[PDB]
Amino acid sequence: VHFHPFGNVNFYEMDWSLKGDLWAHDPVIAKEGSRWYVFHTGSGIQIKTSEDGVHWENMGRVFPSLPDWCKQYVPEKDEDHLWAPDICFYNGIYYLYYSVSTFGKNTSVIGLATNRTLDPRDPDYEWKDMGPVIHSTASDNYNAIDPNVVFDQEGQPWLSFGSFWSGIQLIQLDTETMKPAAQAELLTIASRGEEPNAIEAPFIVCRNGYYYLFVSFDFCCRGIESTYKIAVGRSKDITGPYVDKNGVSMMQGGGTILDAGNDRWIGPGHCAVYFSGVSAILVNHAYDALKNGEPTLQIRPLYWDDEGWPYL
Ligand SMILES: [Ca+2]
């Protein structure tokens, strides 16, 4: 897709036996030239790079320190770890969204940073702080974290986000500011319809006429005790209603489980989906049962059946 370009690569053909610096949580990927980049949760937003998409190495971070303005939104924030970044390339500009918050609370704000290139070796490399995108406070019934931008088939950009509380949110963005359009309304598109409303990390992609909403169910961040799972639903309209393979509404716990983990990789979640031709990859993290539950990067080929539903 134009905003997540990967060129001509047959994802199904390469061997995704990842090696190197694989500690990652809430990842997203971008490719520029022949280099691959992973952005994920960590101090100032952690960055990893690879020459082939298989062998990874730490590259640094986006922000040297917590941008000043963030402190006004989340006063309690006493460390520099930013979460769940999202990235897309539009009009020659890289838009990187990130979350500023504290665990289990909804006093949060999603920020935006831009750059013309992802290669730090380029003298033009520079992440610019573009300020607040959308926020939430204790009085709101949603949480402003876990952003994801997608463009509908009409070329209009939309921002989905959310974690617990009322669930997954969706709002229309302005192409110029890449921030919520002044007259845009906040919509709720997915919820476990249960408490705790364990649903978060939305990621939307368009595929052969349908918008697929990928989300993570249950509990992350508990190492080998994690119960994280990747679920998916779809809709012909980006605003919903999203439903799973069984036809269950995603506003009532609906969602087809794509992966619930195994004996080695526990609690897989917070995914991203990217295409190249008809091929695609599922990107996420999982807690390594053999390595003290360490969050680990996973990149695997993602197939699609006749009805249009994805599978690993
Ligand atoms: Ca995400």
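So the sequence shown is numbered by the deposited numbering: it starts at 2 and just counts up by one.
Yeah, the Cβ is synthetic: ideal placement off N, Cα and C, and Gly gets one too.
inquiry  = What I want to know is whether the C-beta of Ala31 ends up closer than 6 Å to one or more non-hydrogen atoms of ligand 1.
reply    = No.
inquiry  = At a threshold of 6 Å, does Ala85 count as lining ligand 1 (C-beta to nearest heavy atom)?
reply    = Yes - ligand 1 has a heavy atom lying nearer than 6 Å to the Cβ of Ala85.
request  = Take the Cβ of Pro148 as the centre, count every other Cβ of all protein chains shown within 10 Å, and call the residue buried at 16 or more, exposed below.
outcome  = Per the 10 Å Cβ criterion, buried.
ask   = In chain order, what residues of the same chain have a beta carbon less than 8 Å from the beta carbon of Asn116, not counting five sequence neighbours either side?
value = Shown here for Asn116: same chain residues with a beta carbon closer than 8 Å to its own, the five before and five after excluded, namely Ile94, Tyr95, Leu97, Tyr126, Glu127, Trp128, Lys129 in chain order.
task = Count the CB pairs spanning the segment 129-145 and the segment 159-173 that are closer than 8 Å, and state whether there are at least three.
result = Yes: at least three Cβ pairs fall under 8 Å.
request  = Below 8 Å on the Cβ atoms is my guess for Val39 versus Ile30; work out the distance and round it to an integer in Å.
outcome  = For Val39 against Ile30, the beta-carbon gap comes to about 5 Å, under 8 Å, which counts as contact.
query = So is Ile258 buried or exposed if we call it buried at 16+ other beta carbons inside 10 Å?
reply = By the Cβ-count criterion, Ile258 is exposed, with fewer than 16 other Cβ atoms from all chains shown falling within 10 Å of its own Cβ.
message = Buried or exposed, going by whether 16 or more other CB atoms sit within 10 Å of the CB of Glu201?
response = By the Cβ neighbour-count rule, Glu201 is buried, with 16 or more other Cβ atoms within 10 Å of its own.
inquiry  = On a Cα-Cα basis, can you pick out the residue from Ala182, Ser250, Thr108, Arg223 that is closest to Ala232?
reply    = Checked all of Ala182, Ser250, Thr108, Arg223; the closest Cα to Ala232 is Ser250.
ask   = With a CB to CB cut of under 7 Å and the five nearest residues on each side skipped, what residues in its chain are close to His5?
value = The residues are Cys89, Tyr275.
request  = Return the Cβ separation of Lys49 and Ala25 in integer angstroms, given the expectation that the two are a contact with Cβ distance under 8 Å.
outcome  = Yes, they are in contact, since the Cβ atoms of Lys49 and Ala25 sit about 7 Å apart, within 8 Å.
ask   = Could you check where the alpha helix (DSSP H) with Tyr229 kicks off and where it finishes?
value = Run containing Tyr229: none; DSSP gives neither H nor E here.
query = How far does the beta strand (DSSP E) with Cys272 in it reach, from first residue to last?
reply = Segment 266-277, the beta strand (DSSP E) holding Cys272.
message = According to DSSP, simplified to helix, strand and coil, what is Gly224?
response = Look at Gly224 here: in three-state DSSP terms it is helix.
ask   = Cβ-heavy atom distance between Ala202 and ligand 1 below 6 Å?
value = At least one heavy atom of ligand 1 is found less than 6 Å from the C-beta of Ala202.
ask   = If you compare alpha carbons, which of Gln253, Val244, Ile172 is closest to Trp310?
value = Looking at the Cα atoms, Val244 is the closest of the given residues.
request  = Assuming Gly8 and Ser277 form a contact by the criterion Cβ under 8 Å, report the distance between their Cβ atoms to the nearest whole angstrom.
outcome  = With a contact defined as Cβ atoms closer than 8 Å, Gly8 and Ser277 qualify at about 7 Å.
task = Please work out which residues of its chain come closer than 6 Å, Cβ to Cβ, to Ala273, disregarding the five sequence neighbours upstream and downstream, and give them in chain order.
result = Cβ neighbours of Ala273 beyond the five flanking positions: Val29, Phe204, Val284.
message = Taking contact to mean 3 or more Cβ pairs, one atom from each stretch, closer than 8 Å, check whether the segment 213-223 and the segment 261-270 are in contact.
response = Look at the beta carbons and you see the segment 213-223 touching the segment 261-270: at least three pairs across the two are nearer than 8 Å.
inquiry  = Runs of 4 residues minimum, wholly inside the segment 165-190: which ones carry the alpha helix (DSSP H) assignment?
reply    = Counting only runs of 4 or more, we get nothing.
ask   = For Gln154, which three-state DSSP category applies?
value = Under the three-state reduction of DSSP, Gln154 is assigned to coil, being neither helix nor strand.
query = Thinking just about the alpha-carbon of each residue, which of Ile225, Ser18, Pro296, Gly256 is nearest to the one in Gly234?
reply = Looking at the Cα atoms, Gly256 is the closest of the given residues.
ask   = When we look at the beta-carbon of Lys32 and count the other beta-carbons within 10 Å, is it buried (16 or more) or exposed?
value = Its Cβ being crowded by 16 or more others within 10 Å, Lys32 is buried.
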